[PDB]
file my_file-v1.pdb (PDB, C-alpha atoms and all ligand atoms)
ATOM      1  CA  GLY L   1      73.684  37.070 -88.461  1.00  0.00           C
ATOM      2  CA  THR L   2      73.535  33.370 -87.611  1.00  0.00           C
ATOM      3  CA  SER L   3      73.307  33.286 -83.810  1.00  0.00           C
ATOM      4  CA  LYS L   4      69.565  32.760 -83.373  1.00  0.00           C
ATOM      5  CA  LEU L   5      69.744  30.096 -86.088  1.00  0.00           C
ATOM      6  CA  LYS L   6      72.458  28.267 -84.151  1.00  0.00           C
ATOM      7  CA  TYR L   7      70.274  28.474 -81.037  1.00  0.00           C
ATOM      8  CA  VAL L   8      67.322  26.908 -82.854  1.00  0.00           C
ATOM      9  CA  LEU L   9      69.527  24.075 -84.179  1.00  0.00           C
ATOM     10  CA  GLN L  10      71.198  23.203 -80.865  1.00  0.00           C
ATOM     11  CA  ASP L  11      70.645  19.502 -80.118  1.00  0.00           C
ATOM     12  CA  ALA L  12      68.141  19.302 -82.973  1.00  0.00           C
ATOM     13  CA  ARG L  13      67.237  16.305 -85.118  1.00  0.00           C
ATOM     14  CA  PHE L  14      67.324  16.565 -88.923  1.00  0.00           C
ATOM     15  CA  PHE L  15      65.363  14.681 -91.588  1.00  0.00           C
ATOM     16  CA  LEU L  16      65.778  14.781 -95.354  1.00  0.00           C
ATOM     17  CA  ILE L  17      62.507  15.243 -97.272  1.00  0.00           C
ATOM     18  CA  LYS L  18      62.567  14.221-100.943  1.00  0.00           C
ATOM     19  CA  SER L  19      59.698  15.445-103.112  1.00  0.00           C
ATOM     20  CA  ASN L  20      59.071  14.487-106.724  1.00  0.00           C
ATOM     21  CA  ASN L  21      57.913  17.987-107.655  1.00  0.00           C
ATOM     22  CA  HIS L  22      58.232  21.662-106.861  1.00  0.00           C
ATOM     23  CA  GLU L  23      54.475  22.062-106.369  1.00  0.00           C
ATOM     24  CA  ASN L  24      54.458  20.138-103.094  1.00  0.00           C
ATOM     25  CA  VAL L  25      57.318  22.196-101.653  1.00  0.00           C
ATOM     26  CA  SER L  26      55.519  25.363-102.776  1.00  0.00           C
ATOM     27  CA  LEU L  27      52.355  24.226-100.975  1.00  0.00           C
ATOM     28  CA  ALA L  28      54.426  23.458 -97.876  1.00  0.00           C
ATOM     29  CA  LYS L  29      56.064  26.903 -97.969  1.00  0.00           C
ATOM     30  CA  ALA L  30      52.710  28.687 -98.402  1.00  0.00           C
ATOM     31  CA  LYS L  31      50.612  26.699 -95.930  1.00  0.00           C
ATOM     32  CA  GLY L  32      53.236  25.816 -93.311  1.00  0.00           C
ATOM     33  CA  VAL L  33      52.401  22.103 -93.428  1.00  0.00           C
ATOM     34  CA  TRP L  34      53.891  18.808 -94.503  1.00  0.00           C
ATOM     35  CA  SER L  35      52.436  15.326 -94.858  1.00  0.00           C
ATOM     36  CA  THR L  36      54.486  12.133 -95.166  1.00  0.00           C
ATOM     37  CA  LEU L  37      53.783   8.432 -95.582  1.00  0.00           C
ATOM     38  CA  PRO L  38      52.936   6.538 -92.361  1.00  0.00           C
ATOM     39  CA  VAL L  39      56.384   4.920 -92.108  1.00  0.00           C
ATOM     40  CA  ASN L  40      57.967   8.380 -91.879  1.00  0.00           C
ATOM     41  CA  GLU L  41      55.068   9.876 -89.909  1.00  0.00           C
ATOM     42  CA  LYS L  42      55.746   7.479 -87.050  1.00  0.00           C
ATOM     43  CA  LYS L  43      59.456   8.368 -87.110  1.00  0.00           C
ATOM     44  CA  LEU L  44      58.726  12.112 -87.106  1.00  0.00           C
ATOM     45  CA  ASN L  45      56.201  11.909 -84.265  1.00  0.00           C
ATOM     46  CA  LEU L  46      58.715   9.908 -82.236  1.00  0.00           C
ATOM     47  CA  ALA L  47      61.372  12.480 -83.087  1.00  0.00           C
ATOM     48  CA  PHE L  48      59.135  15.444 -82.227  1.00  0.00           C
ATOM     49  CA  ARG L  49      58.652  14.152 -78.675  1.00  0.00           C
ATOM     50  CA  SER L  50      62.355  13.284 -78.422  1.00  0.00           C
ATOM     51  CA  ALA L  51      64.164  16.556 -79.172  1.00  0.00           C
ATOM     52  CA  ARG L  52      63.997  20.329 -78.763  1.00  0.00           C
ATOM     53  CA  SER L  53      63.801  20.913 -82.539  1.00  0.00           C
ATOM     54  CA  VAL L  54      63.035  18.581 -85.444  1.00  0.00           C
ATOM     55  CA  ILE L  55      64.201  20.041 -88.770  1.00  0.00           C
ATOM     56  CA  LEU L  56      62.940  18.954 -92.191  1.00  0.00           C
ATOM     57  CA  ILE L  57      65.338  19.700 -95.067  1.00  0.00           C
ATOM     58  CA  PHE L  58      63.579  19.654 -98.453  1.00  0.00           C
ATOM     59  CA  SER L  59      64.965  18.652-101.852  1.00  0.00           C
ATOM     60  CA  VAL L  60      63.039  18.381-105.119  1.00  0.00           C
ATOM     61  CA  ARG L  61      64.323  15.488-107.166  1.00  0.00           C
ATOM     62  CA  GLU L  62      66.368  16.294-110.308  1.00  0.00           C
ATOM     63  CA  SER L  63      66.620  19.928-109.198  1.00  0.00           C
ATOM     64  CA  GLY L  64      70.184  19.518-107.925  1.00  0.00           C
ATOM     65  CA  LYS L  65      69.307  21.665-104.904  1.00  0.00           C
ATOM     66  CA  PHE L  66      67.690  21.822-101.517  1.00  0.00           C
ATOM     67  CA  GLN L  67      64.736  24.227-101.440  1.00  0.00           C
ATOM     68  CA  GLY L  68      64.887  25.190 -97.742  1.00  0.00           C
ATOM     69  CA  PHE L  69      64.290  23.882 -94.244  1.00  0.00           C
ATOM     70  CA  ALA L  70      61.636  24.108 -91.559  1.00  0.00           C
ATOM     71  CA  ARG L  71      60.949  23.092 -87.962  1.00  0.00           C
ATOM     72  CA  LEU L  72      58.101  20.824 -86.845  1.00  0.00           C
ATOM     73  CA  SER L  73      55.751  22.789 -84.598  1.00  0.00           C
ATOM     74  CA  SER L  74      53.329  19.888 -83.919  1.00  0.00           C
ATOM     75  CA  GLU L  75      52.884  16.151 -84.143  1.00  0.00           C
ATOM     76  CA  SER L  76      50.782  15.037 -87.075  1.00  0.00           C
ATOM     77  CA  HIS L  77      47.019  15.461 -86.875  1.00  0.00           C
ATOM     78  CA  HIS L  78      44.137  14.376 -89.095  1.00  0.00           C
ATOM     79  CA  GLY L  79      40.957  16.077 -90.255  1.00  0.00           C
ATOM     80  CA  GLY L  80      42.276  19.522 -91.195  1.00  0.00           C
ATOM     81  CA  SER L  81      41.626  21.510 -94.339  1.00  0.00           C
ATOM     82  CA  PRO L  82      42.347  19.435 -97.479  1.00  0.00           C
ATOM     83  CA  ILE L  83      45.710  19.918 -99.190  1.00  0.00           C
ATOM     84  CA  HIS L  84      45.911  19.274-102.944  1.00  0.00           C
ATOM     85  CA  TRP L  85      49.296  17.596-103.046  1.00  0.00           C
ATOM     86  CA  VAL L  86      50.594  16.566-106.466  1.00  0.00           C
ATOM     87  CA  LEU L  87      50.991  12.792-106.078  1.00  0.00           C
ATOM     88  CA  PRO L  88      53.176  10.310-107.975  1.00  0.00           C
ATOM     89  CA  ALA L  89      51.532   8.250-110.692  1.00  0.00           C
ATOM     90  CA  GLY L  90      49.409   5.459-109.240  1.00  0.00           C
ATOM     91  CA  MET L  91      49.167   7.049-105.791  1.00  0.00           C
ATOM     92  CA  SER L  92      46.193   8.400-103.851  1.00  0.00           C
ATOM     93  CA  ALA L  93      45.880  10.972-101.084  1.00  0.00           C
ATOM     94  CA  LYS L  94      44.641   8.299 -98.653  1.00  0.00           C
ATOM     95  CA  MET L  95      48.106   6.705 -98.632  1.00  0.00           C
ATOM     96  CA  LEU L  96      49.434   9.679 -96.649  1.00  0.00           C
ATOM     97  CA  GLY L  97      49.499   9.950 -92.885  1.00  0.00           C
ATOM     98  CA  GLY L  98      48.437  13.075 -91.038  1.00  0.00           C
ATOM     99  CA  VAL L  99      49.549  16.687 -91.415  1.00  0.00           C
ATOM    100  CA  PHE L 100      52.454  18.272 -89.500  1.00  0.00           C
ATOM    101  CA  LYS L 101      52.499  22.012 -88.871  1.00  0.00           C
ATOM    102  CA  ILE L 102      55.906  23.490 -89.709  1.00  0.00           C
ATOM    103  CA  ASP L 103      57.610  26.857 -89.196  1.00  0.00           C
ATOM    104  CA  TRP L 104      59.933  27.722 -92.044  1.00  0.00           C
ATOM    105  CA  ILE L 105      63.456  28.746 -91.085  1.00  0.00           C
ATOM    106  CA  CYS L 106      64.864  29.207 -94.600  1.00  0.00           C
ATOM    107  CA  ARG L 107      62.887  29.291 -97.849  1.00  0.00           C
ATOM    108  CA  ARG L 108      66.067  29.820 -99.924  1.00  0.00           C
ATOM    109  CA  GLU L 109      67.708  27.237-102.182  1.00  0.00           C
ATOM    110  CA  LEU L 110      71.130  25.622-101.731  1.00  0.00           C
ATOM    111  CA  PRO L 111      72.823  23.802-104.632  1.00  0.00           C
ATOM    112  CA  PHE L 112      74.200  20.324-103.951  1.00  0.00           C
ATOM    113  CA  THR L 113      77.582  21.537-105.227  1.00  0.00           C
ATOM    114  CA  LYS L 114      77.878  23.556-102.001  1.00  0.00           C
ATOM    115  CA  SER L 115      77.242  20.543 -99.722  1.00  0.00           C
ATOM    116  CA  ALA L 116      79.709  18.144-101.371  1.00  0.00           C
ATOM    117  CA  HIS L 117      81.986  18.228 -98.296  1.00  0.00           C
ATOM    118  CA  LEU L 118      79.195  16.922 -96.026  1.00  0.00           C
ATOM    119  CA  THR L 119      78.503  13.213 -95.609  1.00  0.00           C
ATOM    120  CA  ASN L 120      75.856  11.540 -93.463  1.00  0.00           C
ATOM    121  CA  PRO L 121      77.138   8.921 -90.973  1.00  0.00           C
ATOM    122  CA  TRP L 122      73.579   7.508 -90.770  1.00  0.00           C
ATOM    123  CA  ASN L 123      73.567   6.814 -94.521  1.00  0.00           C
ATOM    124  CA  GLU L 124      76.901   5.048 -94.986  1.00  0.00           C
ATOM    125  CA  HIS L 125      78.782   8.380 -95.132  1.00  0.00           C
ATOM    126  CA  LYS L 126      77.210   9.096 -98.518  1.00  0.00           C
ATOM    127  CA  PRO L 127      76.957  12.800 -99.447  1.00  0.00           C
ATOM    128  CA  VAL L 128      74.168  14.439 -97.476  1.00  0.00           C
ATOM    129  CA  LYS L 129      72.202  15.122-100.689  1.00  0.00           C
ATOM    130  CA  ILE L 130      71.793  11.344-101.025  1.00  0.00           C
ATOM    131  CA  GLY L 131      68.997   9.686 -99.090  1.00  0.00           C
ATOM    132  CA  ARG L 132      65.493   8.300 -99.278  1.00  0.00           C
ATOM    133  CA  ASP L 133      62.542  10.484 -98.328  1.00  0.00           C
ATOM    134  CA  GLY L 134      62.709  10.582 -94.521  1.00  0.00           C
ATOM    135  CA  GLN L 135      66.415   9.709 -94.082  1.00  0.00           C
ATOM    136  CA  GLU L 136      67.682  11.047 -90.768  1.00  0.00           C
ATOM    137  CA  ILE L 137      70.799  13.215 -90.892  1.00  0.00           C
ATOM    138  CA  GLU L 138      73.230  13.050 -87.971  1.00  0.00           C
ATOM    139  CA  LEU L 139      73.426  16.127 -85.714  1.00  0.00           C
ATOM    140  CA  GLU L 140      76.741  17.620 -86.851  1.00  0.00           C
ATOM    141  CA  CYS L 141      76.121  17.040 -90.568  1.00  0.00           C
ATOM    142  CA  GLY L 142      72.598  18.425 -90.322  1.00  0.00           C
ATOM    143  CA  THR L 143      73.787  21.521 -88.469  1.00  0.00           C
ATOM    144  CA  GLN L 144      76.547  22.320 -90.944  1.00  0.00           C
ATOM    145  CA  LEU L 145      74.175  21.747 -93.866  1.00  0.00           C
ATOM    146  CA  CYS L 146      71.603  24.157 -92.436  1.00  0.00           C
ATOM    147  CA  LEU L 147      74.311  26.759 -91.800  1.00  0.00           C
ATOM    148  CA  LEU L 148      75.319  26.599 -95.480  1.00  0.00           C
ATOM    149  CA  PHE L 149      71.988  27.988 -96.665  1.00  0.00           C
ATOM    150  CA  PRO L 150      71.856  31.681 -97.559  1.00  0.00           C
ATOM    151  CA  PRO L 151      70.246  33.600 -94.696  1.00  0.00           C
ATOM    152  CA  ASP L 152      66.530  34.147 -95.260  1.00  0.00           C
ATOM    153  CA  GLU L 153      66.116  37.736 -94.084  1.00  0.00           C
ATOM    154  CA  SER L 154      62.337  37.512 -94.447  1.00  0.00           C
ATOM    155  CA  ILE L 155      62.101  35.167 -91.424  1.00  0.00           C
ATOM    156  CA  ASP L 156      62.225  36.260 -87.768  1.00  0.00           C
ATOM    157  CA  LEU L 157      63.615  33.445 -85.612  1.00  0.00           C
ATOM    158  CA  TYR L 158      62.343  35.190 -82.475  1.00  0.00           C
ATOM    159  CA  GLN L 159      58.949  33.666 -83.247  1.00  0.00           C
ATOM    160  CA  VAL L 160      60.429  30.199 -83.783  1.00  0.00           C
ATOM    161  CA  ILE L 161      62.421  30.345 -80.531  1.00  0.00           C
ATOM    162  CA  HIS L 162      59.191  31.299 -78.752  1.00  0.00           C
ATOM    163  CA  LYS L 163      57.797  27.793 -79.300  1.00  0.00           C
ATOM    164  CA  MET L 164      60.808  25.895 -77.954  1.00  0.00           C
TER
HETATM  165  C1  LIG A 201      53.796  15.402-100.250  1.00  0.00           C
HETATM  166  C2  LIG A 201      54.153  13.916-100.111  1.00  0.00           C
HETATM  167  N1  LIG A 201      54.911  13.472 -99.070  1.00  0.00           N
HETATM  168  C3  LIG A 201      55.268  12.181 -98.920  1.00  0.00           C
HETATM  169  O1  LIG A 201      56.020  11.784 -97.860  1.00  0.00           O
HETATM  170  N2  LIG A 201      54.908  11.270 -99.772  1.00  0.00           N
HETATM  171  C4  LIG A 201      54.216  11.630-100.882  1.00  0.00           C
HETATM  172  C5  LIG A 201      53.696  10.406-101.666  1.00  0.00           C
HETATM  173  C6  LIG A 201      54.324   9.401-102.268  1.00  0.00           C
HETATM  174  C7  LIG A 201      53.520   8.390-102.748  1.00  0.00           C
HETATM  175  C8  LIG A 201      52.106   8.354-102.526  1.00  0.00           C
HETATM  176  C9  LIG A 201      51.543   9.366-101.856  1.00  0.00           C
HETATM  177  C10 LIG A 201      52.323  10.348-101.400  1.00  0.00           C
HETATM  178  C11 LIG A 201      53.733  12.986-101.032  1.00  0.00           C
HETATM  179  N3  LIG A 201      52.994  13.402-102.219  1.00  0.00           N
HETATM  180  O2  LIG A 201      51.994  14.384-102.203  1.00  0.00           O
HETATM  181  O3  LIG A 201      53.436  12.916-103.511  1.00  0.00           O
END

call {"tool": "encode", "arguments": {"input": "my_file-v1.pdb", "output": "structure tokens", "more": "lines below"}}
Ligand SMILES: Cc1[nH]c(=O)nc(-c2ccccc2)c1[N+](=O)[O-]
result
Amino acid sequence: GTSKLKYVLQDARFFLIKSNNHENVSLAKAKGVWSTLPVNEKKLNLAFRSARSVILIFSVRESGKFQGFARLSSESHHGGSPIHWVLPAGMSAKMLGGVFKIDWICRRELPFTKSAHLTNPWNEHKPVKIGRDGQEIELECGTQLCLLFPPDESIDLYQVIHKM
């Protein structure tokens, strides 16, 4: 069912993560990590101290879908094992901030066609699929969007709850 999920999402904060390629989301799903540019890193560290759960919702551009969502389990840190992100043209790994540890809650995809009824008050009430990398999603919109995903029966939320 969906009860433990609703418990994890209670009073959470939600951020949209836009990636240019599937490889970076695959690395994030395998390694339980994400790294963002410093502008977003500062927002996510502030958010992590501010709320009981901070949720990242991932979408690969041109895919027409979200690829899943995850919960920050740490503030960002530096000096860990290198991660071979696939960067946009002209970019270098040094442009990134630190690395956040994340616990995946759903590794399943959700097509944008299923979230067309959801708009984000923090982005001019544009459909929730629309937003820059790092756009915050308001609480109610973010909760309903997460509840739309197919349940990921491979994940035990008992473990996630046991870090809140
Ligand atoms: C994974 C990730 N996350 C992020 O917030 N930003 C980027 C990016 C964008 C331009 C230059 C360097 C990085 C990457 N990336 O590996 O392409």

call {"tool": "resolve_selection", "arguments": {"input": "my_file-v1.pdb", "expression": "the PyMOL selection byres (((not hetatm)) within 12 of (chain A and resi 201))", "output": "number ranges by chain"}}
result
L: 15-29, 33-44, 56, 58-61, 82-100, 132-135

call {"tool": "closest_residue", "arguments": {"input": "my_file-v1.pdb", "among": "L:65, L:13, L:49, L:163", "to": "residue 130 in chain L", "atoms": "only C-alpha atoms"}}
result
L:65

call {"tool": "residues_around", "arguments": {"input": "my_file-v1.pdb", "residues": "residue 52 in chain L", "least_positions_apart": "5", "cutoff": "12 Å", "atoms": "all atoms listed in the file", "output": "ChimeraX atom specification"}}
result
/L:7-14,47,71-74,160-164

call {"tool": "resolve_selection", "arguments": {"input": "my_file-v1.pdb", "expression": "the PyMOL selection byres (((chain L and resi 145) around 12) and not hetatm)", "output": "number ranges by chain"}}
result
L: 6, 9, 14-16, 55-58, 66, 68-69, 106, 109-120, 127-129, 137-144, 146-150

call {"tool": "atom_distance", "arguments": {"input": "my_file-v1.pdb", "atom1": "CA of residue 157 in chain L", "atom2": "CA of residue 77 in chain L"}}
result
24.5 Å

call {"tool": "residues_near_point", "arguments": {"input": "my_file-v1.pdb", "point": "(60.9, 33.5, -96.1)", "cutoff": "8 Å", "atoms": "only C-alpha atoms", "output": "PyMOL selection string"}}
result
chain L and resi 104-108+152-155

call {"tool": "atom_distance", "arguments": {"input": "my_file-v1.pdb", "atom1": "CA of residue 4 in chain L", "atom2": "CA of residue 159 in chain L"}}
result
10.7 Å

call {"tool": "atom_distance", "arguments": {"input": "my_file-v1.pdb", "atom1": "CA of residue 53 in chain L", "atom2": "CA of residue 5 in chain L"}}
result
11.5 Å

call {"tool": "closest_residue", "arguments": {"input": "my_file-v1.pdb", "among": "L:131, L:45, L:125, L:32", "to": "residue 75 in chain L", "atoms": "only C-alpha atoms"}}
result
L:45

call {"tool": "axis_aligned_box", "arguments": {"input": "my_file-v1.pdb", "around": "range 5-22 of chain L", "padding_each_side": "6 Å", "output": "JSON"}}
result
{"center_x": 65.2, "center_y": 22.2, "center_z": -93.9, "size_x": 26.5, "size_y": 27.9, "size_z": 39.5}

call {"tool": "closest_residue", "arguments": {"input": "my_file-v1.pdb", "among": "L:121, L:64, L:151, L:80", "to": "residue 101 in chain L", "atoms": "only C-alpha atoms"}}
result
L:80

call {"tool": "decode", "arguments": {"input": "my_file-v1.pdb", "residues": "range 98-116 of chain L", "atoms": "N, CA and C atoms", "output": "CSV table (one decimal), in the first residue's frame"}}
result
chain,number,residue,atom,x,y,z
L,98,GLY,N,29.3,19.7,-3.8
L,98,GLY,CA,29.5,18.4,-3.2
L,98,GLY,C,28.5,17.3,-3.6
L,99,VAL,N,28.6,16.2,-2.9
L,99,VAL,CA,27.8,15.0,-3.1
L,99,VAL,C,26.8,14.8,-2.0
L,100,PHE,N,25.5,14.7,-2.3
L,100,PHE,CA,24.4,14.3,-1.4
L,100,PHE,C,24.2,12.8,-1.4
L,101,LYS,N,24.1,12.2,-0.2
L,101,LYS,CA,23.6,10.8,-0.2
L,101,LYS,C,22.1,10.8,-0.2
L,102,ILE,N,21.5,9.9,-1.0
L,102,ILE,CA,20.1,9.8,-1.2
L,102,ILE,C,19.6,8.4,-1.0
L,103,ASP,N,18.4,8.3,-0.4
L,103,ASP,CA,17.7,7.0,-0.3
L,103,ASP,C,16.6,7.0,-1.3
L,104,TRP,N,16.6,6.1,-2.3
L,104,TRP,CA,15.6,6.0,-3.3
L,104,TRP,C,14.3,5.5,-2.7
L,105,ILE,N,13.2,6.2,-3.0
L,105,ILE,CA,11.8,5.8,-2.6
L,105,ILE,C,11.1,5.2,-3.8
L,106,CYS,N,11.3,5.6,-5.0
L,106,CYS,CA,10.7,5.0,-6.2
L,106,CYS,C,11.7,5.1,-7.3
L,107,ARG,N,12.1,4.0,-7.9
L,107,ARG,CA,12.9,4.0,-9.1
L,107,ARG,C,12.1,3.7,-10.4
L,108,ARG,N,10.8,3.8,-10.3
L,108,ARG,CA,9.9,3.6,-11.4
L,108,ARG,C,9.6,5.0,-12.1
L,109,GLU,N,9.3,4.8,-13.4
L,109,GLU,CA,9.0,6.0,-14.3
L,109,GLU,C,7.5,6.4,-14.2
L,110,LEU,N,7.3,7.7,-14.4
L,110,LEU,CA,5.9,8.2,-14.5
L,110,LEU,C,5.9,9.2,-15.7
L,111,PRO,N,5.0,8.9,-16.7
L,111,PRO,CA,4.9,9.8,-17.9
L,111,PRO,C,4.3,11.1,-17.5
L,112,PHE,N,4.7,12.2,-18.1
L,112,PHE,CA,4.2,13.5,-17.9
L,112,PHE,C,2.7,13.5,-18.2
L,113,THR,N,2.2,12.7,-19.1
L,113,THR,CA,0.8,12.7,-19.4
L,113,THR,C,-0.1,12.4,-18.2
L,114,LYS,N,0.5,11.7,-17.2
L,114,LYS,CA,-0.2,11.4,-16.0
L,114,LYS,C,-0.2,12.5,-14.9
L,115,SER,N,0.7,13.5,-15.1
L,115,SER,CA,0.8,14.6,-14.1
L,115,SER,C,0.2,15.9,-14.7
L,116,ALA,N,-0.6,15.8,-15.8
L,116,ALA,CA,-1.0,17.0,-16.4
L,116,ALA,C,-2.0,17.8,-15.6
